[PDB]
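Chains as they are written, first to last, in this note's numbering: chain C, 545 to 1871; chain D, 174 to 532; chain Z, 11 to 109.
Positions of the beta carbon are idealized from the N, C-alpha and C atoms, including for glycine.
Notes for the one structure printed next.
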DNA sequence: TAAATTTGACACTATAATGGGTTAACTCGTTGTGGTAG
DNA sequence: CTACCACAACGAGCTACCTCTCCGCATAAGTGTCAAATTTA
RNA sequence: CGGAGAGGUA
Ligand SMILES: [Mg+2]
Ligand SMILES: [Zn+2]
Ligand SMILES: [Zn+2]
């Protein structure tokens, strides 16, 4: 009952007999005159136990007095009926068959072992061709398949020397006679001669399987099935229905088929049937067996009576509706209710309105217990009937029981962790659970008929669990990003916006007040409006260095609304928070500031008070929508008429025959877009400042008091696009094929649409409606995979003491900063110090958690970039340390050890899936003759650095691009420095003088032709793919020389300055000209969710970009073929590496320069595998983070990067070994990186050579399947293959992941239970 | 060809179609070969004396009327007198055991007077398997003799079998092999005791057979060759009539059993029909074999068709009901009621009996 | 709809599903991940063993709550043994390896 | 338990009958054969 | 001899809940002795 | 108390 492992291994026939209690030998299930089981039937009582508790079938022994005994009349053992679901039987097959899992689930595990094709094995199995198992003569070797004619020829020729058999028995003999160790050693010997990649792979797979057999103790003959185990009868029950008819399981049918065919085979064998007859019977027996194991695998699935394929055991193991995903992970739970939800405005954040009837039903055992304790009931039945007729005393005791007893509210689909929460119950009369208005954002719950379920914690640990961890007053900040989730939504924000806003001459303007209380008095008295501009006395409390509050009193120019709201604000907040119109962002900042300054409880009370006041004054406001509130702009008709005139004249011009149809289509699209923008701007202007009727100074202008503009500006509901479609112009709609239709929908939703515009808009409506469901399904699948890959990552250590880290820099792609340094660095821990003189020389020490104060100091001191410890670089085995992760976003302080971070990261990533001076760096350039600097490097970048040191913009120049300002120059804004020809690219040189044409002659490497643009005689090289036989062995080089002719060398090295210029170049420069240094010589031409899924599971792109694997010069090695071979030889040693490039793929870097480690040679998307294997783990981590964050930012979703880093770290768990030392690892084994890390640790501790390695970037699915735990992989996906691999390898599980303990039924090694597991471990290790 | 296929029916028909049909007279000669093998094995086992002793004592014990005389003899007041005359021939043979060709003459005339005796196959098979069991007893005797022969001497088999095809009963052949003074001849003295236990053991066989080793060897050899010829003829008859089995079985499809199971049960029935077919009636084999094939197929469908097994008589009644219902539904234009079925069905059946008969 | 304790299935022996047949609410995989993310061990265990397909645990739970003591005694769920028997019938030896 | 009887099982029908019914027939990535041509 | 491509095959697809109806479908030839398990007093 | 098919809600 207390076990540390679950061991998987093959089943020998002797063990199969060992499980069984008797042999079933008859196809009949039960009798039907009396519903009693048969003898040796599929539900026989003798083998599977008695039907009833402590009873016999005859009825002789019928009580507990004979606790355990076997009746001599019917043979049944007197035991409780539960033994009917734990005792197995066995069928003794006559002809041994082959296990289908070890035959068809690729790789075959038999053909890979015997080294035979799967087709030949199937041919022998199907009784089609003979196979020789052994032969003394050399003519017939082992595993030589012969036909029937060849078999008869050999049998009449030798007849006695060889042994050739047919069917599964022959394969069993072949497996039995084979020797594992001799084959493995001879393959070890033969692996060393030559290494072809495919051959090396097949030999290494074979040797791994053979060594798995040698180590696991299994025998090769055991995959040949001889005795079939039989499931207990209660797991395949034959249960009657209410109509007298029975509803049996398909397993009974499969077992009947198998037993009938086996019995008939035995009959024919004893009857001496002809050979064809017994062969057919054996073949059908094999088909019965494999259909039993899994129906639709070998051939046609055997259908039952309703023409549907039968459900086999494998189908009951694997699948969406299998055992794993429907009964072990998710279960049906008692003490659960479900109901529709309404709105409760009088509650708090920690209360939920539970109806009386559901509360009575849920707490029924508790009510029984308390009623019994009080003495109002004698027995449990009395309590049952008493609560069944619901006296008032029952209600009073129910009120007593539920007091301080939290319950869990749950709404599906639970995307992120806030989908389940603990609330204190309050008894309400009705039938709907009353929720709190603020928690509707976390639940994503609307009040349009949504439903949720209620669960009841039972034990004390569960109650404290819900009180300290799950209470709605604890999880205030979202775990994905450190921002509050309980924010006012669409009503409180409207009320507060109407409060804090100011009119011009509302009522009693210019008044003066002694405090907020007088303001509230005046408003409730009716002598002043909420929008009057008044002078008020305010006493605000500020926080000094320590924890007390000092006070200051002054006069402020506020409104009555701001003063009234000042009552709500707790003491400690500055007055600038309330002194402006409060939108949704303003209130969010209010709550964030209150949390950061005061704590938790004051924030909770402040939120409750804000919601109460918002509802009250939103009700009192009386804001209403009307048909006059969507004011049509008065200039829409003129703009639409002008646009129609423009499109008409463009159409007429096109019909005249001047411009093409496509350009006309684009032009009319642009014209209509401009008209739509103008209409939208005019309407927004006319709605924004409607309130021009103003007094007491003059006719003044102020922000409009329109209802629609209120709901749009305050951020309550809607945005600019919705109001544009409402009162302005609907715009341009897209066709179902994605193209934009020419004529746009001019009318808005107020003027009413005609038939055709409505018909057009239906296309977009339907497309969006379908895309919603499709992206929901895709996001669900992605979330499941992400949760699986990182399910086993738990924080174990407090600090690993590592010095690695990621270099956090503000992303400055484009012309703006997407996230500054602040959003990048909040929460993380400094890996190193901040060593820069700067202006103040800020110096934070290592191992410091950067608070808000620390980040504010960093911004004040203007630090460019900081190195911080990251999860991917942590040095803890089987988990990470607390310092590397950083700050717990949900709480606000350092993370407690034992918190599962992988699940949080996966949920955070997969939740928003349903919404989707100039400084030159790394430069090598040459000065031209005009000062327009030209760079001959590729990886050069020009950044726009401030006078403060901050970097604002960055650009990448093409090769040979020209620029006027060098490093150290302070250029003013708006100056165009990036000047370059966009379409073509130059072949610039570095040496001045004249030019001599050497190594090119018109006819074999250049084409004699004249330029069609200038008329000058130009010698253009033709590409080597179309050259003659004389152009197949030379590279034409424009060998630029001095004024006389000798090839001048590049200064710095001894390589002559030559330029092997490639083909397909329009070379315009001719002889007898002046060439400067650096000048040109010739011109040579160059979704969101799917993107996230592709990035995380790491596909090789359709058009990979080629990197440089070794530093050195580049040259071509193979000729007369369009697939160019590249010899990147090093500048110091020999070149053992080559590259192959196809024909059609363009080349960026020519064969004249030198590349370092990791240089782009061909443009295009970069495969992350190459980036990892060349640049490093940090580079691939940064690449993945940036690409995911770009997609998540384009749609406007804030996700912290540490979650992506955790996913990436889980993606890099495997390390293929390139060179072995003394460990038990041969070569090229994708073994766990932690295993080799600890192996190297111990090997260097005892002083040996050690083993090198190379990490590999697997996809999420592949990494999840390659996990060391076979149970988790089986519960995930591809259960058949994973189980077969585990069985053949003889693996074992140590139960270290959360999912494993969820499946088996123990505490998870995380949170509260973590310590217990550690204790258990510290008791298992120390004894 | 033997290539890409998975349907067992297709493959089975492929091997079945390589055998040609038989004519009106081919079946006649096949049956003649079958009966020739049967007669040959019957006369081979008839010549063995202890066989006639066993049949004589069986006839004597059934002359005590412990079983009906129709149980043993299936054809050819009359049985008693022929039992008496075969008893007289047996006792006159007992008077002339070795006194010497007249003993062989009387045992052979006993064999041919036993030729007309067509008997029940159970006792015939009992006799032949008794022959086989004592023949494999003696075969194990000479097999352990051969083991003793080539376990320590590494000696050629020819010289030993030449001295073992003569007497092989007393000890003088073993002593003759000893006395030949071969280097591996004098080394056989280590196993002198055990082979002696062998020599008497086969002697026991001798004294329970009354004949020499060669006589029983050739008798069982003739029995074996006759059995092999009969088995080959039976096989050729069976495997040339599979198309008839397929044609009969194709009409009972989709009633609970797969097609190939029906084919196999029809094949078993065809084997039975071949075992019981007589060509001297002048009829074609197809007419006699059809009854057996159909009976086997329908009995197979009556035991394994449904999850719950129903007895054959109940299944027959169920049909005796199905047909009636259909007949009445056709006649009246509407489905019958239980009372009408009671009226039309049977004299002992009433409403309750057939209501119970409905599942 | 609400339910405290009712009828159970035959094969998996967990409470049925449906208002018409007085069933219990399913606690799906997503909610298991959520309670896992909280670090909520004890509630997860009680929703996996004693409020679900474990016969001894649930009857002990009823007896104890009727007696007022709020404590759990978990056990091996029946669905796990169902899976073990099925995979053994597949012919592959699996077993809970003690230590 | 002695005896009754409806169930249940098995054995046997002698003109000639000689090769069967059938269903339904996105999108994507990974693995393993099966040539292919120089 | 082995680097390469095109086919075939296989495994994958949110969650939870509610209601209703359907599942021994067209087909089929009867007798005769012997054992035996359920049935009355 | 099961499994299929159809429909509906969020
Ligand atoms: Mg809703
Ligand atoms: Zn009993
Ligand atoms: Zn780290």
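Other residues of its chain near residue i: CB distance less than 8 Å, five sequence neighbours each side excluded
i, result
"residue 854 (chain C)", "794, 797, 798, 835, 839, 845, 846, 847 and 848"
"residue 1111 (chain C)", "1060, 1061 and 1064"
Supposed close pair residue i, residue j - CB separation, criterion 8 Å
i, j, result
"residue 622 (chain C)", "residue 600 (chain C)", "7 Å"
"residue 1690 (chain C)", "residue 1678 (chain C)", "Contact doesn't hold; Cβ gap of about 30 Å is too wide."
Interface partners of residue i on chain C, CB under 8 Å
i, result
"residue 181 (chain D)", "824, 827, 828 and 831"
"residue 408 (chain D)", "818"
"residue 90 (chain Z)", "872, 1847, 1848 and 1849"
"residue 266 (chain D)", "Neighbours of residue 266 (chain D) on chain C: none; closest Cβ ~36 Å, over 8 Å."
"residue 1 (chain Z)", "The question about residue 1 (chain Z) has no answer here: the residues shown for chain Z are numbered 11 through 109."
Given residue i as reference, the closest of the options once Cα atoms are compared
i, options, result
"residue 1558 (chain C)", "C:1471, C:1610, C:1793 and C:1749", "C:1610"
"residue 1582 (chain C)", "C:883, C:801, C:1615 and C:1353", "C:1615"
"residue 1180 (chain C)", "C:873, C:595 and C:1219", "C:1219"
"residue 1766 (chain C)", "C:1751, C:1791, C:570 and C:1776", "C:1791"
"residue 1073 (chain C)", "C:1084, C:1103 and C:1751", "C:1103"
"residue 1742 (chain C)", "C:692, C:1454, C:1842 and C:1776", "C:1454"
"residue 829 (chain C)", "C:1423, C:913, C:644 and C:1415", "C:644"
"residue 566 (chain C)", "C:553, C:574 and C:592", "C:592"
"residue 1369 (chain C)", "C:1396, C:1361 and C:1387", "C:1396"
"residue 1737 (chain C)", "C:718, C:902, C:716 and C:1362", "C:1362"
Nonlocal neighbours in the same chain, by C-beta distance under 7 Å from residue i, ignoring five residues either side
i, result
"residue 518 (chain C)", "One cannot answer for residue 518 (chain C) here, as it falls past the ends of chain C, which runs 545 to 1871."
"residue 1714 (chain C)", "1651"
"residue 1649 (chain C)", "1704, 1706, 1707, 1708, 1709 and 1710"
"residue 1534 (chain C)", "1470, 1594, 1601, 1621 and 1622"
"residue 1235 (chain C)", "1246, 1247, 1248 and 1249"
Per-residue contacts from residue i into chain Z (C-beta, under 8 Å)
i, result
"residue 563 (chain C)", "98"
Chain Z contact residues for residue i, given Cβ-Cβ distances below 7 Å
i, result
"residue 1856 (chain C)", "49, 51 and 52"
"residue 880 (chain C)", "13, 34 and 35"
Partners in chain C for residue i, counting only beta-carbon separations shorter than 7 Å
i, result
"residue 440 (chain D)", "821"
Chain-ordered residues, beta carbon under 6 Å from a heavy atom of ligand 2: By the rule of a C-beta closer than 6 Å to any heavy atom of ligand 2, the residues picked out are C:600, C:601, C:602, C:603, C:604, C:615 and C:618.
With a cut-off of 5 Å, give the chain-ordered residues whose Cβ is closer than this to any heavy atom of ligand 1. This selection yields C:990, C:992 and C:994.
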